[PDB]
Amino acid sequence: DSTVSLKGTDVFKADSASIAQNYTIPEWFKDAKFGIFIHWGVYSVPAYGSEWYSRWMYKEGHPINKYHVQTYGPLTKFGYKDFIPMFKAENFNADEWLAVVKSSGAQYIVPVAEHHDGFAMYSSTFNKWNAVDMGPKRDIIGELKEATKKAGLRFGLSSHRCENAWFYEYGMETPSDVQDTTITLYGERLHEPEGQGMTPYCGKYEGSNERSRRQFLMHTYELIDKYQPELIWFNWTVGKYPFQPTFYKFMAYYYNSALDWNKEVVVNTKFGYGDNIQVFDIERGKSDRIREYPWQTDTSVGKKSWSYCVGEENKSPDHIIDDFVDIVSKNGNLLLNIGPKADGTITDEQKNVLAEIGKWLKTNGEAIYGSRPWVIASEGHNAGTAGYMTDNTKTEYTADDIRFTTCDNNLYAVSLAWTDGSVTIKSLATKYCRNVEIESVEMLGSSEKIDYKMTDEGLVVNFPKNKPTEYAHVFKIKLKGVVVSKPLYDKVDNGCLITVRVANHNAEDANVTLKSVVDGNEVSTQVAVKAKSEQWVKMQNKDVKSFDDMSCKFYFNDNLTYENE
Ligand SMILES: O=[N+]([O-])c1ccc(O[C@@H]2O[C@@H](CO)[C@@H](O)[C@@H](O)[C@@H]2O)cc1
Ligand SMILES: [Ca+2]
Ligand SMILES: [Cl-]
Ligand code: NA
Ligand code: NA
Ligand code: NA
Ligand code: NI
Ligand code: NI
């Protein structure tokens, strides 16, 4: 299917080298910062456990399988396909969904076009198990596309069909309707690929065959041509080694179609592909450092499930907003998930969560939308959570925990908690700065004049007397001068890698000399930072025998910036 439409004149070919030579992560994704994920489908009718109800109900002995036999009947009489007539979606309204999405301040929406269960939520000739001919009997993706255009947001979608090749594997080991191979809804019924976590290693089982890869291409191209989304989200098994040649065929056609659309698109994968040819995404987790290329965090308002389920513990607005600012400060964007009820009603708790984020963004949005990272992302005591599947832990921040964003040379310092006293922005200490002059200090949403004092330890900022908002509190700082970040170290063979960021806040160009002395080995570099800009600087020290026992010193224009005496 991919090798049929591709021409020798197309810009993108089905390999990573061809993508890197012509694709660039678009500016709208860097500026959007906030998006809304929506898990909603046939799995919402039982609303038990999670959206993995379709897989576990066919594994004999699993709690969901024993739950399904007593609640709905034996697997040979009531399979997953029998939930579809109950999926009427009597209270679904695309405008109501977008009104809630727009209320949250989000800039794009990502509904689920098809999950692992093999049920398409759109007008599909390829898949007879679609939402137009059965269930809701309407084009859910098409109606959400028109509602998104009327709301002024950008339309994306997510595809999970890659896992459909093995999601119903347990239906073959127990008498069920999955053993009826005439039902294409249940996929290829192969074994799940091995390798725990986000790894391309698959081992004994491929997780896909040559037929499911053919269907994946026709499935993705049906979403590309019918709805022309500006972003497509994929789940984890697309990154497996046997599936990568097939996925590169999609990326070449998707990007080539975007050139004809006069639009710029984004592809989301959780592993297996370079940070520069697509937007890396972490499930229920964020990064601890600033990443060079834009990335995304996808997480659910509910702690247990993505789709709706009885007894879901939803996250607090402060939990999400504290993590949202942390994600944005590291060049990441948040894809927050909501799980509507089976009839299409978004719960009151998840509407209040999105509303509080929008109310907080209405006041502090200037430090989020269109912003970029500063020289350093965070400062303070608590570093917060980071990594795959660590979002549920809420970090208890104080006012001394500060996140940084920059936009149009302005500096934004976000305190993740409130205080009636003062904090000191240690990142502006005299050892990091050269001729830094503070021009104005401002808290977004407050009419009070902020008292500040520049010291050698940093910029002391006194909080106002009345909170503009809760959750997080933003200081807008206008300044000139050159600021360096505290260096971070990584391990290499017989040496170490030193990474710093330099921000020139002056209106004219500046020459900067950086020196790193590790274990006596001295390496220097001179860099010219243009006016009102930032730059990464990477240096390498040699002849370093013990990384864990290093003696490191970093100098910014012959001034000691960092040392671990
Ligand atoms: O490797 N894993 O065991 C694994 C991998 C992914 C996973 O969640 C995957 O993505 C979520 C959204 O980020 C949901 O769509 C979920 O239904 C899906 O299985 C759940 C478990
Ligand atoms: Ca907070
Ligand atoms: Cl940039
Ligand atoms: Na749109
Ligand atoms: Na197999
Ligand atoms: Na004070
Ligand atoms: Ni919480
Ligand atoms: Ni507060």
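According to PDB author numbering, the sequence shown holds residues 30 to 594 in order.
Just so it is clear, CB atoms sit at the ideal spot from N, CA and C, and this is done for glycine as well.
**OP:** State the start and end residues of the unbroken alpha helix (DSSP H) segment that holds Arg84.
**Re:** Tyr82 to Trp85
Subject >> Continuous alpha helix (DSSP H) stretch holding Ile169: start and end >> reply: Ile169 to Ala180
**OP:** Assign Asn122 to one of two classes, buried (16 or more other C-beta atoms within 10 Å of its C-beta) or exposed (fewer than that).
**Re:** exposed
Original post:
Hey, out of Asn550, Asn533 and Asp577, whose CA is closest to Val556's CA?
Top reply: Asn533
Original post:
With distances taken from CA atoms, which of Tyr461, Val490 and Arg463 is nearest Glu471?
Top reply: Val490
**OP:** Answer yes or no: the CB of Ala501 versus the heavy atoms of ligand 2, is any distance below 7 angstroms?
**Re:** yes
Subject >> CA nearest to the CA of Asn411, picked from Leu390, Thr424 and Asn305 >> reply: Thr424
Original post:
Quick one: what's got a C-beta closer than 8 angstroms to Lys574's C-beta in the same chain, skipping five residues either side?
Top reply: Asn523 and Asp548
Original post:
Short check: CB of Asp310 to CB of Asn297, under 8 angstroms?
Top reply: yes
Subject >> From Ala442, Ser476 and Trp324, residue whose alpha carbon lies closest to that of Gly416 >> reply: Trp324
Original post:
Is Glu592 helix, strand or coil by DSSP?
Top reply: strand
**OP:** Would you mind reading off the limits of the beta strand (DSSP E) that contains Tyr518?
**Re:** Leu517 to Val521
**OP:** Could you check if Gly487 is buried or exposed, using at least 16 other CB atoms within 10 Å of its CB as the buried criterion?
**Re:** buried
Subject >> Bridge partners - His502, DSSP secondary structure assignment >> reply: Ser444
Original post:
Just curious, the alpha helix (DSSP H) that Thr392 is in, first and last residue?
Top reply: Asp377 to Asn393
Original post:
Going along the chain, which residues of its own chain have a beta-carbon closer than 6 angstroms to the beta-carbon of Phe300, five neighbours each way excluded?
Top reply: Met227 and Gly268
Subject >> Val452: CB within 7 angstroms of a non-hydrogen atom of ligand 6 >> reply: no
Original post:
Is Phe353 helix, strand or coil when you go by DSSP?
Top reply: helix
**OP:** May I have the straight-line CA-CA distance separating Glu537 from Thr435, to the nearest angstrom?
**Re:** 18 angstroms
Subject >> Boundaries of the alpha helix (DSSP H) in which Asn285 is found, first to last residue >> reply: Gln273 to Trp290
Original post:
Can you tell me whether DSSP reads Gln569 as helix, strand or coil?
Top reply: strand
Original post:
What separation, rounded to the nearest whole angstrom, lies between the Cα atoms of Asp124 and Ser132?
Top reply: 12 angstroms
Original post:
Cβ-heavy atom distance between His68 and ligand 5 below 7 angstroms?
Top reply: no
Original post:
To which residues of the same chain is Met86 closer than 6 angstroms at the C-beta, ignoring the five residues directly before and after it?
Top reply: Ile93, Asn94 and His97
Subject >> Whole-number beta carbon distance between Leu219 and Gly236, since they are thought to touch under 8 angstroms >> reply: 7 angstroms
Original post:
Out of curiosity, what's the CA-to-CA distance linking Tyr441 and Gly164?
Top reply: 48 angstroms
Subject >> First through last residue of the beta strand (DSSP E) which encompasses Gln325 >> reply: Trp324 to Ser329
Subject >> Close beta carbons around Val308, own chain, < 7 angstroms, minus the five adjacent residues each side >> reply: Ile54, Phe58, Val295, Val296, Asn297, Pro323, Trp324 and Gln325
**OP:** Using three-state DSSP, classify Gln99 as helix, strand or coil.
**Re:** helix
Original post:
In three-state terms, what does DSSP make of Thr105?
Top reply: coil
Original post:
What residue range is occupied by the uninterrupted beta strand (DSSP E) comprising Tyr137?
Top reply: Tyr137 to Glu143
Subject >> Extent of the continuous alpha helix (DSSP H) run through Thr154 >> reply: From DSSP, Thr154 is part of no alpha helix (DSSP H); its letter is neither H nor E.
**OP:** Take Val74 and list the residues in its own chain whose beta-carbon comes closer than 6 angstroms to its own, dropping the five residues that flank it on each side.
**Re:** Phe112, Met115, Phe116 and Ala371
**OP:** State the Cα-Cα distance for the pair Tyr234 and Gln225, rounded to the nearest angstrom.
**Re:** 13 angstroms
Original post:
In angstroms, rounded to a whole number, what distance separates the CA positions of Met418 and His348?
Top reply: 15 angstroms
Original post:
Would you say the beta carbon of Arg401 comes nearer than 7 angstroms to a heavy atom of ligand 3?
Top reply: yes
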